[PDB]
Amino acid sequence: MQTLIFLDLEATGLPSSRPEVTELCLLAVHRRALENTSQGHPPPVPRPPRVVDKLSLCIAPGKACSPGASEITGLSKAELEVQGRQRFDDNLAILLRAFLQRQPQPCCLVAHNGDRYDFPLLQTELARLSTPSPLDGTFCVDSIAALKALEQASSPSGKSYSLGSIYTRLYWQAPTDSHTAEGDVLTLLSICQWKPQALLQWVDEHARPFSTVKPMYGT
C-alpha cells in the first residue's frame, strides 16, 4: 500500500439512531513518511510526518444531533446551518475524488473502530448520491484490529481500546481535541507512529476493499 489515509468522522449519534455525518477528516501519509518516524519510557509524543495532505470538512446533517453527540463534538445541526455548511452532496463526492486522485495508489483508509462506525456510515452517505462512489477503488483497515494483533504478537502470554486510553497508556499524557474529526485523526496518527512498521505490515496484509463495506442502514 502506497498511501495510508487516516480517517475519522463525527456524526449526529450512535448507529441505532441512523446517524448522519457532521464532520469528516482525512489525513493522507505516504508509507515512506511513516517508515521514517523515530525513544524512552514513556516515549515523547512523536512528531507527525512533515509531508501530509489533509482535508477536514464540517457538514450540515439532515437530522438533529442527539445530546451526547452534540455535547462531546461541540457541533449541532442548527449551528452548522447558521454557518452555511452544505449537506453531504455530489460536490463533496467530487472533492473527495480529487483529493484521493492526488495520492499514490493504492490507498488504504485507516479508522479507529472503522468497521463498526466510520466505514459503514460513510458508505451510507455515499449511497445517497448520484455520483459513483469516490472510494470504490480504495482499501480500508480498522486500526483497533491492528493494535490488538500487535498486543497478541508482543505478549502471547496474555482495558479500554478507546483512542484516548491507548494514547495515554503509550505516552502518559492526555490527548487534545477529543471528538473532533481532525483531533481524533491526529491522535490516531500519533498512536500509529509508536510502531509504524507494524501498522504498515497489518495494512499490507489485511486491508480489504472499501467496496466490501455494507451501509450502516438503508436509504
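Each residue number is its position in the shown sequence, starting from 1. Whichever C-alpha set is largest while still superposing within 1.5 Å between the two forms counts as the rigid core.
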* Taking C-alpha RMS after core alignment, which stretch differs more from the shown form in 6 other deposited structures of this protein: 182-190, or 165-173? -> 165-173
* Asked: Which stretch is less alike in 6 other deposited structures of this protein, 143-151 or 110-118, counting RMS CA distance after the rigid core is superposed?
  -> 143-151
* Asked: Is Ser66 missing in a third or more of the other PDB entries that were compared?
  -> no
* Check whether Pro49 has no coordinates in at least a third of the other compared PDB entries of this protein, counting only entries that model residues on both sides of it. => no
* To do: Classify the number of deposited-sequence residues missing from the model between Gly158 and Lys159: none, 1 to 3, 4 to 9, or 10 or more.
  => 4 to 9
* Structure fact -> Going from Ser38 to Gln39, the deposited residues skipped in the model number 1 to 3
* To do: For the higher mean C-alpha B factor in the entry, choose 160-168 or 180-188.
  => 160-168
* Asked: Averaged over C-alpha atoms, is the B-factor higher for 144-152 or for 83-91 in this PDB entry?
  -> 144-152
* Asked: Among the chain's modelled residues, which third holds the C-alpha B-factor of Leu34?
  -> highest
* Entry-reported Cα temperature factor of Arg47, expressed as the chain third it lands in -> highest
* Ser70: which third of its chain by C-alpha temperature factor? -> middle
* Would you check the entry's CA temperature factor for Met216 and let me know if it's in the chain's lowest, middle or highest third? => middle
* Third of the chain, ranked by Cα B-factor, where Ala174 sits -> highest
